[PDB]
Structure formats: C-alpha cells, structure tokens
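Enquirer: Just dropping this structure here.
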Amino acid sequence: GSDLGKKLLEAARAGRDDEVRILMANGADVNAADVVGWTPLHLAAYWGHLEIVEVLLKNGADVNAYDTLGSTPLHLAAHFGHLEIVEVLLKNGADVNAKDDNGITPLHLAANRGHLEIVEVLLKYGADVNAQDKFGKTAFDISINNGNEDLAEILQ
Amino acid sequence: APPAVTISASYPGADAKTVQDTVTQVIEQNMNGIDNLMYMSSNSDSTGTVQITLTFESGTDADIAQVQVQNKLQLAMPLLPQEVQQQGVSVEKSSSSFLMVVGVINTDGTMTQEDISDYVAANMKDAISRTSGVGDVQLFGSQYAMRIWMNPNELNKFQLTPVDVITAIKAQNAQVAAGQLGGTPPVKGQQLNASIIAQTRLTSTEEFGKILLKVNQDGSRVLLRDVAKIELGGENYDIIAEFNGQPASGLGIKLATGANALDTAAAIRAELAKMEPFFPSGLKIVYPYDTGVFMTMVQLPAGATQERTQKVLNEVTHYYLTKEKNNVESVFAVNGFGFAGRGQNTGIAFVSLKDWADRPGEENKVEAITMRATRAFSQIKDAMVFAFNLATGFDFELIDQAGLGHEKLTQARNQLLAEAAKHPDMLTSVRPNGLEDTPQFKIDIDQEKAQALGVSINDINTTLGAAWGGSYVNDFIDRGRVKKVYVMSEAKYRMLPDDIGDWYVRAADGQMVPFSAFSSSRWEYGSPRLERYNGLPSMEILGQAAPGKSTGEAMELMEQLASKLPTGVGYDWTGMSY
Amino acid sequence: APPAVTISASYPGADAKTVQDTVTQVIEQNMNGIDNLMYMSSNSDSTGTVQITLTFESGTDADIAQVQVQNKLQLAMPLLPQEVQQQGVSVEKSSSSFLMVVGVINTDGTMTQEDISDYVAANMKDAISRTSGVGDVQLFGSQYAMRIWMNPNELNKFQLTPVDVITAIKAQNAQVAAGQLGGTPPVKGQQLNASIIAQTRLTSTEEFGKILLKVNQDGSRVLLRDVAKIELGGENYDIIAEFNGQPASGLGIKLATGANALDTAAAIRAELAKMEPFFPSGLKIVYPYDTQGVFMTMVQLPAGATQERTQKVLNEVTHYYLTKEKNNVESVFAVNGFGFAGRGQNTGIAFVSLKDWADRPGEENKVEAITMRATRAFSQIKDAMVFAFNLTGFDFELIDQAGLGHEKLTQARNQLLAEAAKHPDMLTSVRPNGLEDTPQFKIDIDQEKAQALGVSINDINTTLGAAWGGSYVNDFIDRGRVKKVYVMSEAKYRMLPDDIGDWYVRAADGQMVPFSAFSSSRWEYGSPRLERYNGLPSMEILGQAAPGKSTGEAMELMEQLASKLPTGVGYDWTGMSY
Ligand SMILES: COCCN1CCN(c2nc(SCCc3ccc(OC)c(OC)c3)c(C#N)c3c2COC(C)(C)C3)CC1
C-alpha cells in the first residue's frame, strides 16, 4: 500500500488521536500491517487507545484481522483488560470465538488474567465456554489452575 | 569531567529483561561500601549486554574507585549466571577517550572481517599493548571461535538434540590430567617415569567434524559433521564494520595515565611499521583518528534487520565518497551500534576529513559539510539519518520509586512528554534518550504436556537457547592459541516462527518430540533496552531551554511538570544537570 | 585506633562446627601475604554465621588493608561451599560502634513489623549503603523472600520430597536466554528481528503455588500449593525491633574507617529526604540514636535463651525507661536478636534517646547518672547481663596450641577461671567473653540401612537440611526487585524430636521411607559459638585488676596462672592488653 500506512501504524501504536484522523483523511490504508501482521486496530487494542479503535472501525478497519500467529484485535483487548475496547469490537462484529494458531480464544486470555468484567461480556456475546485450546484446556481449567474461585463461580 | 568506572557484562542470547534481572540488579545490589560515589546508571539490552556506570566526585582517584568497584563485583561473581561469568565481566575507567583508532582492512577482497579480527588479535594487539605509553587497547571484533552450525533436520534424523552435541563436544574436545607411570611415591628402585598423555584439545574444523555423536544399531557412525557445518568464525556477529566499503577490524588505543600523547602515537606507528613486512596480502593499516572526525547516525524502525541497516550505511558511505570526495578521506561504517543503543536497526559512521589545508573556503568546513549531508539523507525513507560534529540542554531521569514496573513508568514518561510539548515557549526537543518497546516472540512451555511426554525442561530450554541464541561450550587450540567453541543453529533454521517447529527434543522414552507439541506462542511488546538510575528503574529524558530562556528556568518547569505524575514516580537530575 | 577489616559469611542451617570447619578455617588458612596484620580473630556461630576480624598495625591505610583482604578472600572463594558463596560474602572497613540508627515505623498500624522491614530492605537500604562514609549497615529485620513452607504429610501422600520441590522450583521459576528471530548471523533477505521470550522469573505467591510438581497416573495434577503454604516472609526471622513499644524496623549505620562523622550523617539525612515522598501511607522515619544525649543498653542472656525470654528482658528495660525515666527519656529503640557481639537469639540492644539537655536540669538527669541508675535497676534481673553505657581492665586469649579440641580447651579454661577466683585480692570478674555449650540433637544416618533400602544419602541430607534448616533455592522478582526463594518445613513439622519421623524420602524403587527407618538420635552438648585467634582454637577471657592494683600486676598474675595449665594450652594478650 503506502508510506502513510507505516505512519498510521506508528500513530496508532503511540496513541496519537489527531494524527490518526489526518492520515485517515489522506487515504492511509486502514488495514496496513506491520511485520508481525499487526494492523492499526491491533495496536490501538493492545495499547488501550479506545478513541483510535472507534475512528479506525468507522473507517472500515477489518475487525477480525489476524496477525501472523492467528491473533485478532479482540484477543489483545481481552488479554490486556481493556473492557470498553472489548465492547466496541464485539459491537462491530468481532469474532468472539476466534482461535489463534494455538487454539487460544479471547475467553481463555481474559480468564488467565482474571479479567472478570471481560469474561462476562464475552459470554454475553456467545463465547463458547467449552472451547479447548491445543492442550485440551478450557477457561474453567484455567480458573482451577490459577485458584481464581471468583472466575470459577461465573463459568460454573 | 567527573571520573567514571564502567562494569560490562555479556549474556549471549539473553533478552533485556533476562540480563537486567539475573545480572544488572544483582551487581547493583552489591555496589555498596564504595567511597565518593555520586550516582550509578545502567542499561541492559536485547543483545545480552549490560553496562553499569559509576560516576565519582571530582578529585576521586580513578584507580582507587576502579579497584573498589572491581572488588565488590568480584565478590558478587558467584551470584551471576555461569554463562555470564564465562564471558568475563570487565571493570574499566570509562571517562578516558582515545589516543588513536587504528583500522586494519583488507583491500584484495580475500578476508572477511572475522579473518582480519583474528589476525589482529593473534599478531598485533599484544605488541601494541606493550608499546611505551599505551594503556587500554580495545579490539574491534574477536579472535576466531570454532563455530558449529547445527541442522535440526539432520539432528532429528538420528534422534539427537543440541544437548547431545554439547555433551559430545565436552567429552571429545577435552584435555585432562592423566598422571604418570612410575610417579611419586614409587616402588623403590623404579627406573621408568613418564607422563601419561590422554585426550588433547581439538585444533581444526576437521577434528571437530569427526567427533562421534553415536553409533546406530546397524553399525553406521553419526559424526558431528553429519549434523552441522563447521568453520572458524567470530565469537559474535552483532557488528558489521566497513572502512570505505571494505571489511575491517582495528584497535582503539588509550594513553596510559601520565604518558606523552605525541611520543606514544609515534611509538604505536613505528610498532605497526615493524609488523607490515609479515602481513598477508592485501592487509593495510589506516588511521582514521589520531591525536577532524565527525559522525553520522543511522536509526531504522522497530524490528529492522542488519541487512536493511547495512543498505542505509552503504548509501551514507557512497554519498561521502562521491559527493564529498574532495573533503572526505574515509568513512568507517559500523552496523549494530549507535549512541543510545546496540541492535540490528542501528548504526554509526565515523567520517574522517582531509586536512584543513586541503579544504579551502567555508563550503568545505565541517559545519557546511554536515548540513549538506543531513539535507541529502533527509530523503532516505524508513530511516533517520543525521550528520553532526560532536549551558544549552538538560539531562533528567524519571524514576520508578515504588515497584510500578516498566509499562507504568512508560505511561508516566509519556504524560511528562505530552505536558512538556504544551510549553514550547519554555522547552524544546524534550525526548527519551532510550528506546521504545518493540514486538517480541513469547513462547510458553506447557509443563503438563512436557511432563506427560517425559520431555525434560532442561532439555527443552537448552535446545531452544543453544539453537537460537548460541552457547559457548568450551575451549580449543587454534594454531597454538586457546579460543572458544560455540554451538548455534545454522541461520536458515532460526529465522522465523515456523522454524520453531523443526526443533525436536528427545523424551525419556527415546521418542523425538517437536517443539510445537509442548509450546505455544504469541506476539507481545517489551523492552529492548532497560535503564536504571541509582539502582531503580529509570528513563532518561533529554531536552533544552527554548529561545532565550535559561536552563535554570527550563529545569524548574520540568520539576513542576514532574510533580504532577502518578503516585510513585520520582525524578532526578544527572550528567550536565547534576 | 588500629584499623580492623571484617569478613562476614553465612551458611543457612549450619551449626557452629560446620561453619568453622567448611568456612572459617578455609578463609583463615588463606589470609597470607597481607601487609601489617597484627592479629586475626573469628567467631563461628550456630546461627550459621561467621565473622573474621583482621586488625592492622596503627598507621595502616585501611583502604589498602581492605583491598588486600578482599583479594585473598577472592582467591579462597572457590574453596567454600556453594551455599556460602551464593549468600554473598562481605568485607568491611568499619568502626564497630554505631554512628546512627534510622528507625521506621507505621503510624497508621497498616504494616506489620515484617512488612516494614521488607519495605526498608527493598527501598531504602541499598541507597544508604552506597552513601559515601557508610561502612556497614545492619537491617533490624529481614527482606522478604518467597517462602515455601513444606508439609511432610502432603509430600508423603503424593510420594514427594523436598528434593522434588527444589528441582521443580529451579525448573519453573527460571529466566531463560532464548535468542532471537532473525538473529545474527542472519540469512539474506531476512525482514524480522525480534527477541524470543521464554520462561521468566515468577513474581507472586499465586505463580509459585501453581508450579507443577507431578501428574498422577490417573491424570490429576499435584501443584506446589498442594504440599506447601506459599507466602512472602523474611529470609530469616531472627531480628525484631520496636520503637517505644510499637512495631518498627530500621538501619544501624557504622562509620567507614577514616570518614567524617558529621558529613556522613548529613549525607544520610539527605538520602532519606529523597525517599520520604514515596513512602506508603503511614510510614515514617524516626531518629532514635544520633551520636551525650544518647546511650545504649546491652542485654546478654546465657546461650540457650530463646527469643521469648530475651524479649521479656528487653520489655523490662524498655518499661523502666518509659516509666521511671519518662521525664528524661524521649525514646527507646529496642532490637531483639542482635546486640553488642552481633547476632543471636539470646542477645538484644536498646538505643535510648534523651530529651533536650536544657529540659533535664540537675546533675541527676545527665547521661552519666541516668546510665548508672539504670544499670543499678537492671542488676537484679535473673540470668541476664543487662547494662547501660555510652559509646578498661584486660583481654586474654587462651589458645589450643596442640590440636587438643574444644572439650579439653573448655576444661583448661575452667581450670584457669577457678584459679583466678582464688585470688580476689588481685583479679576481679575473670570470665569468658563467649558462650557455654548447650544441648544439641545428634542424628546418625545408618549408611547400611539406607543402601539396603535404596535411599540416597544426598536425598536424606537434603530432606533433613531443607526441612529443618531452610534452603535458598534461587531468585525471583518481587515488585521489580530481585529477592530470594527459600524452602523449609512449616513450623509445626519441625518443632520436636518425634517430628523427624514424619519426614519421608523416596527410595530408588519408588517406596517412601520414613526417617526413622535409617536414623537414630541422642542428646549431647556442643558449642553455639566457636572462637579462634590467629588461626587456632581460642577462648577469650576478660577481667580486671582488683581495687588498688595496677593492670600490669593483674596481667603478670594471669600469666603465672596460665603457666600451670595442661600441656598444649597457650595464651596471648589482645585488644586493650596488646
Ligand atoms: C564498544 O563500542 C563502543 C566504543 N565506541 C567508542 C570508540 N569508537 C570509535 N570508533 C571509530 S572507528 C569505528 C571503529 C569500530 C570498528 C569495528 C567495530 O566492531 C567490533 C567497532 O566496535 C567496537 C568499532 C572512530 C573513528 N575514527 C572513533 C571512535 C570514538 O570516537 C572518536 C571520535 C575518538 C573516533 C567506536 C564506539
């Protein structure tokens, strides 16, 4: 695509809300990808920049872009406890049961970090509570392993 | 300038966090009981390097400071990882700068930089060290190491791992005490006495190639050469140096305290003249700096590779050598360090000007040269490339005072930087001195799966580390000189995430298990360069006073901005601002 | 004063003889070739500690003395047990008295004594220890370690031992150097360079609790938390402090030989002023001892006294100052487990700070009269030497010159003390400076029974030591700071002799064998503190001339009594008598 592309990836990374709006208006590829396959939406999700997330989605950012290891922006938001980003992604059509290359789902990741509000929203949007990763493990196994009785409650 | 002492350590294949948490902190925690210490600063990086700098009050004797530091470090040596102890942890006076930089090039195109570095290590450096007036001498590169470059496909074919390779090298490249026939106390009347000579260290790629890994059940032999390519090479490959585009090594030479600069330089040049007759063909000494050298820095983006940096440095060299051919004698291009970091995405060029007398007029002086140079390089895309000649600015440390952690200190730093940007009336160019977080490949070993399969964690971690990071196994003798032996994967089997799955580890029951059976991975961000100040996590911030404001006023603003940061973030002033 | 250099080392869980015969004798044998050494003395204690004091001729440069000692010690370090090396050995050139005490309390009772001690260890002590002039810093409390409190009933239920626990912790709390994607030397055309991050140190009790010890044949998991309680707690539990009866910790600071008292103290206060703004809420610095408006009280109980009994004595001392002397005394900072002499369960010290001079009019309210009245009030306390002093008769060493051994040297010492007590006209208070033998639990491992059962001696000795003594496994990262991990039995399984029998070891065939099957035990006496003088076993004897006699007459008589002792027993004069 573009040199504006690289600039949009850098701006989304560093949270620069304005420079993102400008580069957008100038036709930067919204789905430009860096070397590990992260798009601006990945970068804004990982680093918790809610407004950049919203702006990119209004501009046609692919909500289910996957990096070179199969991970989606929802995986990153869910793993890093960015609740409002998780909500926005799910409203824009994020695949709630997306699996990475290891069979890991956004529910597995939120569960392993004990991000309970996120776990709830995932389950609200149809997260498969019995989805297994490559080692056979469910979110429930993850709760038992980590000794998180509050999460074990919720997932029954 | 206040006297400083630098401690330098290396942990091959270690990431910044690994270095910081197994080496830097342990050293810093042992830096007590040292007189006249003003402050301590450290960097731990993704090339597996730590530098700890201790700065002393003006008028401290630098020798006394050096010995006190060295003793404290030496008593902490058993606290450090073995792999670090085996590289040597040096303690040197670092506030000194160079009497001279000697380049050694080869002009025939017949030697690589590793070949030239070995020549210099074995034939030149020690004679220069004994030269009258010479203090510390730094070698640019290393002597050869025996490089064993493993192939995972051939290993798995014969049900072997790097663990077996390392075991076999230790056992078959060995030199051990075997005693004597007829030695004391003897049977009285003994006439025969003779040393017993058993295994001796290996001396050649051929001999390493014949090391016997195993005999198969059909009686075929597997030799080390059946699973690896074997060559003499460098101890590490982090740095690529060229002198006017030609492969290069050299020596950075300091003046012994109290010696004379001019006689010492002359004594060095005369000693190098003696060696000239014995050089192999094409070897030539050059003198890029001897008591008008300027620099050009090169910085590529996150995750950029050595080859991309090299392309930029090569445009930089070409420019000077064509567009400044009337003004520039040489360009010594170093790929893999800059100032503010080591790494594959950084570089620096040292540009030696021709004599003042041969550069008439202001258009041919350093300042006009560097502005044109910068102007021309501002075109170059996907690199920052800047030419420069070495009571304006300030040097601030942001400090984690309460266990906040890296991610939180970075957020605090960004807050302070966004606020300083809002006061361009007072502050200009307020920026981090260091590096931003970059993508890294997180691999999680699954302990339950490893235990279910009977695969040991130590085998897993050695196989990963030795293949992908390399490992210093033991020593060998090259043409009579002791040198290191390294194992590491051949480059093509350690490049991308998919290559992880080509590495097998042998389980207790003898089955080969691929990495993918017991691991998973993902991308995450983390630091390629962690900083500490007076023993605490830190981030250095540089900046300056805006047009006609004093530094005093600028500092007071920074102090006031710093007072609004999240709970547990402190600061201090250092260097010029102390 | 003759300068003195101190070597300190520790061996967790070692008794006095073990320390003396694996550490102290080894160091002493290697303290050769050091200039201007007048004499050397050492204590080896049943706290697992050794202190070796080397005293130099007056006029010796204490810097050179320290460096020469450190360098010999460095060459001896490989001769010491790995457990000793890995604790850190220190070498200090310090006054033996305190310059000042920094107290720390929590005004909101938010933080226990243990919490406060960790805060000081983890956030204050290093920066103070690096302040110029600071010779020695004693923490009055301990830094946290990660404490794995093992349960032998649960270990045996899952057929595990402390060896399996230590192995798992080293495997699963690891910091792994894993190399890089696109690492050097790279293939042509590589686009990605990134660090590989694999295992990293654990940071919390949660993470330690889920270390996987094993998977049962049936597929259920045994986690570390299923056989141990997991908590942060002191590396040791021997030192507890109080400030006016409330929970405290602090730092006792000793002046570096030849540093300036006033400058050093001011540097210390300035460093504290940097830390205060970041304290957690409630935390506060107090100043209970600044060196005539202060004094100390020593508490020295007989070997055998427990922490509870030393505490009862210190509570009496503290009470006296806060009741009877409350008009003169501003504060008392009391430390249980450390005193004049250093560390032991039977010793304590109280630092006493007086109100302003101007508010204590009258000679009866000046330090001399207050200390005299206090000593008099404490002179009736049972089985304790308690006295108050600011901060001379004789100092005698009895010496084993012929390999006689501890028991015989004690008998000779007793013979001399009995003779001295028959000359009350010439000698008063002739007494040992050290400690009396106490009961110890001698356990004999039956090598025959162990071999018959297939139980390894190293698994036996590790199980015994780790459970009853503690073992430093490796390091972890607590809130960003490298700290230690220790395994040990939970208290209730290591209190009584019958508990020995509840510890099981796994034989080569997989059976669990209780300790009772291969051991037997008896009570005997041995030393809690073994002394040496110029490299030979020794017993320090103090005393003074009787009223109306010169010190020299008292000494001449001691020499005469000494000439009648059993063969092989010598003597020498030290300290004030040299
Ligand atoms: C460990 O590296 C840090 C040492 N720094 C100070 C010395 N320095 C300097 N290097 C050079 S030439 C490049 C030397 C070089 C070559 C190959 C290497 O590969 C292994 C290498 O790395 C060490 C260095 C010059 C000049 N002229 C100067 C300095 C120093 O500045 C001068 C102005 C004196 C001229 C290199 C950077």
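Starting from 1 in every chain, residues are counted up; chains themselves are A, B, ... following the order of the structure tokens, and ligands are numbered from 1 as listed.
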Please write out the residues within 6 Å of ligand 1 as a PyMOL selection string, counting only C-alpha atoms and all ligand atoms.
Expert: chain B and resi 98+101+140-141+239+241+249+288-289+332+350
Enquirer: Quick one: everything within 10 Å of residue B:509, counting only C-alpha atoms, minus sequence neighbours fewer than 3 positions away in the same chain. Send it as a PDB file with N, CA, C and O atoms, in the first residue's frame.
Expert:
```
ATOM      1  N   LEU B 453       4.692 -36.164  28.311  1.00  0.00           N
ATOM      2  CA  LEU B 453       5.533 -36.752  27.284  1.00  0.00           C
ATOM      3  C   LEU B 453       6.902 -37.210  27.765  1.00  0.00           C
ATOM      4  O   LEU B 453       7.584 -37.876  27.032  1.00  0.00           O
ATOM      5  N   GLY B 454       7.303 -36.863  28.989  1.00  0.00           N
ATOM      6  CA  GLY B 454       8.584 -37.289  29.523  1.00  0.00           C
ATOM      7  C   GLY B 454       9.754 -36.472  28.975  1.00  0.00           C
ATOM      8  O   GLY B 454      10.891 -36.941  28.952  1.00  0.00           O
ATOM      9  N   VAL B 455       9.473 -35.241  28.539  1.00  0.00           N
ATOM     10  CA  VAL B 455      10.463 -34.379  27.952  1.00  0.00           C
ATOM     11  C   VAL B 455      10.928 -33.463  29.093  1.00  0.00           C
ATOM     12  O   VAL B 455      10.111 -32.747  29.636  1.00  0.00           O
ATOM     13  N   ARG B 506      14.369 -34.935  22.671  1.00  0.00           N
ATOM     14  CA  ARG B 506      14.223 -36.354  22.902  1.00  0.00           C
ATOM     15  C   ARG B 506      13.661 -36.591  24.304  1.00  0.00           C
ATOM     16  O   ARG B 506      14.165 -36.087  25.276  1.00  0.00           O
ATOM     17  N   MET B 512      11.288 -38.688  19.672  1.00  0.00           N
ATOM     18  CA  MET B 512      11.588 -37.278  19.377  1.00  0.00           C
ATOM     19  C   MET B 512      10.271 -36.518  19.405  1.00  0.00           C
ATOM     20  O   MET B 512       9.292 -36.964  18.828  1.00  0.00           O
TER      21      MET B 512
END
```
Enquirer: Report as a ChimeraX atom specification the set of chain A residues whose atoms approach chain B to within 12 Å, with distances computed over only C-alpha atoms.
Expert: /A:2-7,9-10,13-16,34-38,42-43,46-48,66-73,75-76,79-80,100-104,109,133-137,145
Enquirer: Write out as a Markdown table the residues of chain C that have any atom within 7 Å of an atom of chain B, one row each with the nearest atom pair and its distance in Å to one decimal, counting only C-alpha atoms, sorted by chain and then rising number.
Expert:
```
| residue | atom | partner | partner_atom | distance |
| --- | --- | --- | --- | --- |
| C:70 | CA | B:71 | CA | 6.6 |
| C:74 | CA | B:75 | CA | 6.6 |
| C:85 | CA | B:78 | CA | 6.2 |
| C:86 | CA | B:79 | CA | 5.6 |
| C:88 | CA | B:76 | CA | 6.3 |
| C:89 | CA | B:75 | CA | 6.7 |
| C:126 | CA | B:29 | CA | 6.6 |
| C:129 | CA | B:32 | CA | 5.2 |
| C:130 | CA | B:32 | CA | 4.5 |
| C:132 | CA | B:35 | CA | 4.9 |
| C:133 | CA | B:35 | CA | 6.6 |
| C:134 | CA | B:33 | CA | 6.5 |
| C:135 | CA | B:33 | CA | 6.0 |
| C:171 | CA | B:457 | CA | 6.5 |
| C:175 | CA | B:18 | CA | 6.0 |
| C:176 | CA | B:18 | CA | 7.0 |
| C:177 | CA | B:14 | CA | 4.2 |
| C:178 | CA | B:465 | CA | 4.3 |
| C:179 | CA | B:469 | CA | 3.6 |
| C:180 | CA | B:468 | CA | 6.2 |
| C:181 | CA | B:495 | CA | 5.0 |
| C:182 | CA | B:495 | CA | 4.5 |
| C:183 | CA | B:495 | CA | 6.9 |
| C:184 | CA | B:237 | CA | 5.4 |
| C:185 | CA | B:237 | CA | 5.4 |
| C:186 | CA | B:491 | CA | 5.4 |
| C:187 | CA | B:491 | CA | 5.8 |
| C:190 | CA | B:305 | CA | 6.9 |
| C:191 | CA | B:305 | CA | 6.2 |
| C:192 | CA | B:303 | CA | 5.8 |
| C:193 | CA | B:303 | CA | 4.9 |
| C:194 | CA | B:440 | CA | 5.2 |
| C:195 | CA | B:440 | CA | 5.1 |
| C:196 | CA | B:441 | CA | 4.8 |
| C:197 | CA | B:442 | CA | 4.7 |
| C:198 | CA | B:443 | CA | 5.0 |
| C:199 | CA | B:444 | CA | 6.9 |
| C:212 | CA | B:447 | CA | 7.0 |
| C:278 | CA | B:568 | CA | 5.5 |
| C:479 | CA | B:403 | CA | 4.8 |
| C:480 | CA | B:403 | CA | 5.5 |
| C:482 | CA | B:21 | CA | 6.6 |
```
Enquirer: Any chance you can output those residues with C-alpha atoms as a short mmCIF file (atom, residue, chain, number, x, y, z; two decimals), in the first residue's frame?
Expert:
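Writing done, so here's result-v8.cif:
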```
data_model
loop_
_atom_site.label_atom_id
_atom_site.label_comp_id
_atom_site.auth_asym_id
_atom_site.auth_seq_id
_atom_site.Cartn_x
_atom_site.Cartn_y
_atom_site.Cartn_z
CA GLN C 70 39.29 -8.82 49.62
CA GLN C 74 38.55 -13.81 46.32
CA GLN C 85 29.31 -18.37 48.16
CA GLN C 86 25.73 -17.82 46.90
CA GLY C 88 27.39 -13.11 49.31
CA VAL C 89 30.48 -12.69 51.47
CA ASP C 126 20.77 0.00 49.16
CA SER C 129 24.66 1.54 51.83
CA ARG C 130 26.08 3.45 48.80
CA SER C 132 29.98 7.85 50.99
CA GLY C 133 31.24 7.21 54.57
CA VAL C 134 28.82 4.43 55.26
CA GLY C 135 30.94 1.49 56.46
CA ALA C 171 12.85 -25.63 36.59
CA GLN C 175 14.86 -16.88 33.48
CA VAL C 176 15.76 -18.31 30.12
CA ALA C 177 18.07 -16.85 27.44
CA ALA C 178 16.27 -17.89 24.25
CA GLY C 179 17.92 -15.94 21.40
CA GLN C 180 16.17 -14.07 18.63
CA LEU C 181 14.16 -14.47 15.47
CA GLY C 182 16.29 -13.10 12.68
CA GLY C 183 19.32 -13.26 14.92
CA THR C 184 22.89 -12.71 13.74
CA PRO C 185 24.37 -14.03 11.60
CA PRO C 186 21.14 -13.93 9.55
CA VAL C 187 20.01 -15.34 6.19
CA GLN C 190 15.51 -11.53 6.48
CA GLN C 191 12.75 -8.95 7.35
CA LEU C 192 12.01 -9.60 11.05
CA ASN C 193 14.32 -9.36 14.05
CA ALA C 194 12.73 -9.96 17.48
CA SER C 195 13.74 -11.29 20.85
CA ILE C 196 12.38 -14.74 21.85
CA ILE C 197 10.97 -14.56 25.41
CA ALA C 198 10.50 -17.84 27.11
CA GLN C 199 10.33 -18.53 30.89
CA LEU C 212 3.55 -28.35 38.71
CA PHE C 278 7.28 7.93 48.02
CA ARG C 479 7.55 -5.83 42.75
CA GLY C 480 10.51 -5.33 40.36
CA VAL C 482 15.39 -9.45 42.77
#
```
Enquirer: For stretch 351-355 of chain C, find every residue with an atom within 10 Å (counting only C-alpha atoms), except residues of its own chain fewer than 4 positions away, and show them as a ChimeraX atom specification.
Expert: /C:100-101,243-244,287-298,318,321,325-335,359-360,365-367,370,388
Enquirer: Could you find all residues in stretch 9-150 of chain A that DSSP calls helix (DSSP H, G or I) from the backbone, and write them as an NGL selection string?
Expert: :A and (9-13 or 17-25 or 40-46 or 50-58 or 73-79 or 83-91 or 106-113 or 116-124 or 139-146 or 149-150)
Enquirer: Restrict the calculation to only C-alpha atoms, then for each residue of chain C with any atom at most 9 Å from an atom of chain A give the closest atom pair and their distance in Å to one decimal, rows by chain and rising residue number, as JSON lines.
Expert:
```
{"residue": "C:191", "atom": "CA", "partner": "A:35", "partner_atom": "CA", "distance": 7.5}
{"residue": "C:192", "atom": "CA", "partner": "A:35", "partner_atom": "CA", "distance": 6.6}
{"residue": "C:206", "atom": "CA", "partner": "A:146", "partner_atom": "CA", "distance": 7.1}
{"residue": "C:207", "atom": "CA", "partner": "A:146", "partner_atom": "CA", "distance": 7.9}
{"residue": "C:209", "atom": "CA", "partner": "A:146", "partner_atom": "CA", "distance": 8.4}
{"residue": "C:210", "atom": "CA", "partner": "A:146", "partner_atom": "CA", "distance": 6.8}
{"residue": "C:223", "atom": "CA", "partner": "A:145", "partner_atom": "CA", "distance": 8.7}
```
Enquirer: With N, CA and C atoms retained, export the selected residues as a compact mmCIF listing (two decimals), in the first residue's frame.
Expert:
```
# COMPACT_ATOMS: atom_id res chain seq x y z
N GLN C 191 13.49 -10.22 7.03
CA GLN C 191 12.75 -8.95 7.35
C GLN C 191 12.49 -8.64 8.85
N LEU C 192 12.42 -9.68 9.66
CA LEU C 192 12.01 -9.60 11.05
C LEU C 192 13.20 -9.90 11.99
N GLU C 206 0.91 -16.61 43.97
CA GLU C 206 -0.03 -17.27 43.08
C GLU C 206 0.74 -18.11 42.09
N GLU C 207 1.77 -17.48 41.48
CA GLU C 207 2.58 -18.18 40.48
C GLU C 207 3.39 -19.32 41.06
N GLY C 209 2.51 -21.00 43.60
CA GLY C 209 1.55 -22.02 44.05
C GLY C 209 1.14 -22.96 42.97
N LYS C 210 1.20 -22.52 41.72
CA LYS C 210 0.87 -23.39 40.62
C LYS C 210 2.04 -24.08 39.89
N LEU C 223 0.05 -29.66 42.49
CA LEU C 223 0.62 -28.33 42.44
C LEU C 223 1.48 -28.07 43.71
```
Enquirer: Counting only C-alpha atoms, which residue out of A:78, A:52, A:98, A:30 sits closest to residue A:115?
Expert: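 Closest to residue A:115, using only C-alpha atoms: A:78.
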Enquirer: May I have the residues within 9 Å of residue B:380 as a PyMOL selection string, using only C-alpha atoms and disregarding those fewer than 5 positions away in the same chain?
Expert: chain B and resi 312+315+385
Enquirer: Export N, CA and C atoms of the chosen residues as a PDB file, in the first residue's frame?
Expert:
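Contents of the output file result-v6.pdb:
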```
ATOM      1  N   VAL B 312      21.466   1.191   4.251  1.00  0.00           N
ATOM      2  CA  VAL B 312      21.497   2.632   4.550  1.00  0.00           C
ATOM      3  C   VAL B 312      22.931   3.139   4.753  1.00  0.00           C
ATOM      4  N   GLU B 315      24.596   3.588   1.489  1.00  0.00           N
ATOM      5  CA  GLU B 315      24.221   4.902   0.865  1.00  0.00           C
ATOM      6  C   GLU B 315      24.942   6.062   1.505  1.00  0.00           C
ATOM      7  N   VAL B 385      18.544   9.516   9.584  1.00  0.00           N
ATOM      8  CA  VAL B 385      19.950   9.568   9.306  1.00  0.00           C
ATOM      9  C   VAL B 385      20.444  10.972   9.520  1.00  0.00           C
TER      10      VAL B 385
END
```
